[PDB]
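Trainee:
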Amino acid sequence: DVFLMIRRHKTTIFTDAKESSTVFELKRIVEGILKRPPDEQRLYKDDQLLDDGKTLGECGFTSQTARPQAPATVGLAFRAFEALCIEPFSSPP
Amino acid sequence: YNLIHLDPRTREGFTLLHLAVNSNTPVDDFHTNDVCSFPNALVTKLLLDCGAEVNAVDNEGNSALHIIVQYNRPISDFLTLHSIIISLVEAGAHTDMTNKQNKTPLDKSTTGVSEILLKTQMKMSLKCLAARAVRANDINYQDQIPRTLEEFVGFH
Amino acid sequence: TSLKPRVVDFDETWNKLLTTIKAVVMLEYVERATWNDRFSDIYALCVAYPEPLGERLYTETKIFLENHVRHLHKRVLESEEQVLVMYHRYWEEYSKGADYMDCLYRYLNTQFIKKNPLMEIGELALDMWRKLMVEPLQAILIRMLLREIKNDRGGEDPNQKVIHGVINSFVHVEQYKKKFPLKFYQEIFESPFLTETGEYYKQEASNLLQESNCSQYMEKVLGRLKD
Amino acid sequence: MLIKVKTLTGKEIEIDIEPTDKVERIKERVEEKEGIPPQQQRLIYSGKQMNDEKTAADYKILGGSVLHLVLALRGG
Amino acid sequence: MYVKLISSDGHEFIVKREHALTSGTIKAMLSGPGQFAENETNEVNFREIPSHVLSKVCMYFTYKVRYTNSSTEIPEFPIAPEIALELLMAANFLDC
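Chains as they are written, first to last, in my numbering: chain A, 64 to 156; chain B, 15 to 170; chain C, 29 to 255; chain D, 153 to 228; chain E, -16 to 79.
1) Does the beta carbon of B:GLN158 come closer than 8 Å to any beta carbon on chain H?
2) Of the choices B:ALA66, B:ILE81 and B:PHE52, whose alpha-carbon is the least far from that of B:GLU26?
3) Counting only runs that start and end within the segment 75 to 107 of chain B, where is the alpha helix (DSSP H) found for 4 or more residues in a row?
4) Could I get the ranges of all uninterrupted alpha helix (DSSP H) runs contained in the segment 180 to 221 of chain C, with 4 residues as the minimum, in chain order?
5) Shortest alpha-carbon distance to C:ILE195 belongs to which of C:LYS159, C:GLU176 and C:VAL58?
6) Taking the DSSP output, what are the residues bridged to A:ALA80?
7) May I ask you to report which of helix, strand or coil DSSP gives E:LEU68?
8) Which residues mark the beginning and the end of the alpha helix (DSSP H) in which C:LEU45 is found?
9) On the DSSP bridge list, what partners appear for A:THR75?
10) With the cut-off set at 8 Å, would you say E:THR5 and E:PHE60 are in Cβ contact?
11) Quick check on D:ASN203: buried or exposed, where buried means 16 or more other Cβ atoms within 10 Å of its Cβ?
12) Determine the extent of the beta strand (DSSP E) in which A:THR136 is found, giving its start and end residues.
13) Would you say B:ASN151 lies against chain E (beta-carbon separation less than 8 Å)?
14) So is D:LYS156 in contact with chain B if we call contact Cβ pairs under 8 Å?
15) Of all the alpha helix (DSSP H) runs that stay within the bounds of the segment 166 to 192 of chain D, which reach a length of 4 or more residues?
16) Should C:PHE140 go down as buried or exposed, given a rule of 16 or more other Cβ atoms within 10 Å for buried?
17) I'd like to know if E:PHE29 contacts chain A, where contact means its C-beta is closer than 8 Å to some C-beta of that chain.
18) Along the alpha helix (DSSP H) that carries C:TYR128, what are the first and last residues, could you check?
19) Find the residues of chain E that neighbour B:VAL127, judging by a C-beta separation of less than 9 Å, and give them in chain order.
20) Give a yes or no on whether the C-beta atoms belonging to A:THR74 and A:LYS117 are separated by under 8 Å.
21) Who are the neighbours of E:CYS41 on chain B, taking C-beta pairs under 8 Å?
22) Would you list the residues sitting across from C:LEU165 in a DSSP beta bridge?
23) Could you please tell me which residues of the segment -15 to 1 of chain E, in chain order, have their CB closer than 9 Å to any CB of chain A?
24) Using the rule of at least 16 other Cβ atoms within 10 Å of the residue's Cβ for burial, across every protein chain shown, is C:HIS192 buried or exposed?
25) Taking buried to mean at least 16 other C-beta atoms within 10 Å of its own C-beta, is C:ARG171 buried or exposed?
26) Between which two residues does the alpha helix (DSSP H) containing C:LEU73 stretch?
27) Could you check whether the Cβ of C:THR29 sits closer than 8 Å to any Cβ belonging to chain E?
28) Mapping DSSP to helix, strand and coil, what is E:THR55?
29) With 16 as the cutoff for other CB atoms within 10 Å, does B:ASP110 come out buried or exposed?
30) By Cβ distance, which residues of its chain are closer than 8 Å to D:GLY228, with the 5 residues on each side in sequence left out?
31) Could you tell me whether the segment 58 to 74 of chain E touches the segment 133 to 151 of chain B, using the rule of 3 or more Cβ pairs below 8 Å?
32) Beta-carbon within less than 7 Å of C:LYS124's beta-carbon, same chain only, minus the 5 sequence neighbours each way: which residues are those?
33) Which residues of chain A have a Cβ atom closer than 7 Å to the Cβ of E:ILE66, listed in chain order?
34) Is the distance from the Cβ of E:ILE(-11) to the Cβ of E:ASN28 below 8 Å?
35) Answer yes or no: does any C-beta atom of chain E fall closer than 8 Å to that of B:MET111?
36) Is it true that the CB of E:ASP78 sits closer than 8 Å to the CB of E:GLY7?
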């Protein structure tokens, strides 16, 4: 129901999910494509933290904002807790 | 094929396809109008299997797709409006190409049946959206974009 | 950088594109980064300012493919006894070579070839394989294709893969002709093999008319049909 | 109410749907006789295509009429 | 599977393969030499196209996968007028 981009630092994984689906599904999905244990990354919304229990559609990631033509930027930071390091895109002309 | 490659164009810019998809093309009353009916989907089909330039522009900038959606008889002969449109957009008739007066063929619908047929046959492409966004804001593109892309910008 | 058209000289970039496309049509090893940069090269040369030189690149690809298929022809002619084992070895490495060259030249086939009479590279590489590797080397191919299948008919079990590759190298070459896609195979291998089969079964039936009576003739003809 | 919707060759489709029947499944019954699956017969209600429930009173609640349908595939 | 897209200056992207094959020169870059025995990343190195335009074309991949042959209103793709010119060049290079 929602479309989000998992933007960790350099990479930005584009994925679809559901309102009823939870954070654990997100972490399971990003495990097989980034090879990171779930406790080594903490997700975000702007700067607000999230946990592994609340649903994806709960913490402001609704179908009216995580639409695919402008997905909601969910931030990630990986453990070696490190800060949420996200660098912006290139300069538009 | 020979005639098409000799590019037959009337004074209005109409090619063979433009007249073959136009109901306004006069058909001879002397023993002929009872047989030859315009627009006809068969002739258009036979004009696309022979390789007519389907994205041709007339004096008004209308393509064959612009002309066919101007048809005002979607009930009397629906198939001759349907079986031609699928015949028109099958060789690369750019559904979003825009005439000289800045009218998309969706804009020149004048018919719910024709516009819904175009919408069903329309396939989206980021090329089309990006070109439309470029022209809707009038960014200078000449001598900055590919040479083949200037014509595509002029299409939208 | 970027996708903006730039004045690029054709010489060293075309040589550096040859460095990869020669290995592509031989099914050799090319790096993924190299193969993904040749796409950018082909795009840059396809819209290069101030003259879009896709025509020069198209003609140079014509020249390279013609020379390469003629080299394959001269090499296959040397192995006169085993040309089938050499033709099919140089066709499995050129059919996929033609397909990969078509993939590499994807932007050319949708900007300069189909939009301006001209043949797309996946159709040109195959059309350079019948015009320069099958049409001139036709009788040698066909007569011994019939000879190998006749040896299979009598008692032998020749290389099924080689024959089944050379034979479909007549329907595969004409895969890009929308009108009569089998026409080359319908006049290079269909009719000659049909007439040779007719002669061979005529003499086979004549031989089995006198060898056995009408009872065993039924079982023998049924077995020969099943075979 | 039986329908007389035209087709790609001047045929007929029997919707057998009353004016209060929604066109969400009314087109399915019409296409059941013709053969098309429910979510593929993009019928045109003399100027527009029915969407979602689309109770037949929207299309003038006509009896029988002639609804030229589109053969739009991949809509399932 | 999931495919991987380099940008001009870092800015890694990862899009589902069925989503990134809607373009034209990804289906060609992914049909090249090599059997792709790994089948997990098969990264493509877009050396020339910048990062923001690559993000927008990935968003377009998701958009076109979601809204293909739909009976809805097909909500408009938002194009920044600054990114409009470069995205046009990308959608020229990235066929469709």
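Here a beta-carbon is modelled for each residue, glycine too, at the ideal position from N, C-alpha and C.
Mentor: If we stick to the structure as given:
1) Included in the structure are the protein chains A, B, C, D and E, with no chain H among them.
2) In the second sequence, residue 26 of chain B corresponds to position 12, counting from 1. Taking the Cα of B:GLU26 as reference, the smallest distance to any Cα among B:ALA66, B:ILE81 and B:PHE52 is reached at B:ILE81.
3) You should have 78 to 82 and 93 to 102.
4) Contiguous alpha helix (DSSP H) elements confined to the segment 180 to 221 of chain C occur at 188 to 195 and 213 to 216, taking only those with 4 or more residues.
5) Numbered from 1 along the third sequence, position 167 holds the residue referred to as residue 195 of chain C. When each option's Cα is compared against that of C:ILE195, the closest is C:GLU176.
6) Translated into positions along the first sequence, residue 80 of chain A becomes position 17. Looking at the DSSP assignment, A:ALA80 forms a beta bridge with A:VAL65.
7) One-based indexing of the fifth sequence puts residue 68 of chain E at position 85. In the three-state reduction of the DSSP assignment, E:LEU68 falls in the helix class.
8) For the purposes of this step, residue 45 of chain C is identified with residue 17 of the third sequence, where counting begins at 1. Its alpha helix (DSSP H) spans residues 38 to 52.
9) The sequence position of residue 75 of chain A within the first sequence is 12, counting from 1. Per DSSP, the beta bridge partners of A:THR75 are A:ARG70 and E:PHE(-4).
10) As a position in the fifth sequence, residue 5 of chain E is number 22, starting the count at 1. As a position in the fifth sequence, residue 60 of chain E is number 77, starting the count at 1. Contact flag unset, no.
11) Position 51 of the fourth sequence, counting from 1, holds the residue named residue 203 of chain D. Classification of D:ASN203: exposed, given that the 10 Å Cβ count is below 16.
12) Indexing the first sequence from 1 puts residue 136 of chain A at position 73. Counting along the chain, A:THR136 sits inside the beta strand (DSSP E) bounded by residues 135 to 138.
13) Numbered from 1 along the second sequence, position 137 holds the residue referred to as residue 151 of chain B. For B:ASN151, the answer is yes, since a Cβ of chain E falls inside 8 Å of its Cβ.
14) Along the fourth sequence, one-based indexing puts residue 156 of chain D at 4. Not an interface residue.
15) Qualifying alpha helix (DSSP H) stretches, in chain order: 175 to 186.
16) By 1-based counting over the third sequence, the position of residue 140 of chain C is 112. Classification for C:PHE140: buried.
17) Sequence index remark: in the fifth sequence, residue 29 of chain E carries index 46 (1-based). With 8 Å as the cut-off, E:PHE29 does not count as an interface residue toward chain A.
18) Here the question's residue 128 of chain C lines up with position 100 in the third sequence. According to the DSSP assignment, C:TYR128 belongs to the alpha helix (DSSP H) that extends over 120 to 132.
19) Here residue 127 of chain B corresponds to residue number 113 of the second sequence, with the count starting at 1. Residues of chain E passing the Cβ test: none, with the nearest at roughly 16 Å.
20) To locate residue 74 of chain A, count along the first sequence from 1; it is residue 11. To locate residue 117 of chain A, count along the first sequence from 1; it is residue 54. Cβ distance not < 8 Å, so A:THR74 and A:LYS117 don't count as in contact.
21) Mapped onto the fifth sequence, residue 41 of chain E falls at position 58. Chain B residues near E:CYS41: none, gap ~11 Å exceeds 8 Å.
22) Your numbering for residue 165 of chain C matches position 137 in the third sequence. Paired residue(s): none; C:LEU165 is not in a bridge.
23) Hits within the stretch, in order: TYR(-15), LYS(-13), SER(-10), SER(-9), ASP(-8), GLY(-7), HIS(-6), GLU(-5), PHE(-4), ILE(-3), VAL(-2) and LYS(-1).
24) Taking the third sequence and counting its residues from 1, the one referred to as residue 192 of chain C is at position 164. By the 10 Å Cβ count, C:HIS192 comes out exposed.
25) Taking the first residue of the third sequence as 1, we reach residue 171 of chain C at position 143. Here C:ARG171 is exposed, its C-beta having fewer than 16 other C-beta atoms within 10 Å.
26) Position 45 of the third sequence, counting from 1, holds the residue named residue 73 of chain C. Per DSSP, C:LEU73 is one residue of the alpha helix (DSSP H) stretching across 60 to 74.
27) Indexing the third sequence from 1 puts residue 29 of chain C at position 1. Yes - at least one Cβ of chain E is within 8 Å of the one on C:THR29.
28) Sequence index remark: in the fifth sequence, residue 55 of chain E carries index 72 (1-based). Coil at E:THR55, not helix or strand.
29) Within the second sequence, numbered from 1, the residue matching residue 110 of chain B stands at position 96. That one is buried.
30) Position 76 of the fourth sequence, counted from the start, is the residue given in the question as residue 228 of chain D. Sequence-distant Cβ neighbours of D:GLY228 in its own chain, meaning closer than 8 Å and more than five residues away, are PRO189, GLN191 and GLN192.
31) The answer is yes - the segment 133 to 151 of chain B touches the segment 58 to 74 of chain E, with three or more Cβ pairs under 8 Å.
32) Sequence index remark: in the third sequence, residue 124 of chain C carries index 96 (1-based). Once the five neighbours on either side are set aside, the close Cβ partners of C:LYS124 are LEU55.
33) Working through the fifth sequence from its first residue, we reach residue 66 of chain E at position 83. Those are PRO155, listed as they occur along chain A.
34) Within the fifth sequence, residue -11 of chain E is the residue found at index 6, counting from 1. Within the fifth sequence, residue 28 of chain E is the residue found at index 45, counting from 1. Yes. Within cutoff.
35) Position 97 of the second sequence, counted from the first residue, corresponds to residue 111 of chain B. Any Cβ of chain E closer than 8 Å to the Cβ of B:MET111 would place that residue at the interface, and such an atom is absent.
36) Taking the first residue of the fifth sequence as position 1, residue 7 of chain E is located at position 24. Taking the first residue of the fifth sequence as position 1, residue 78 of chain E is located at position 95. Cβ atoms of E:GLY7 and E:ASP78: closer than 8 Å.
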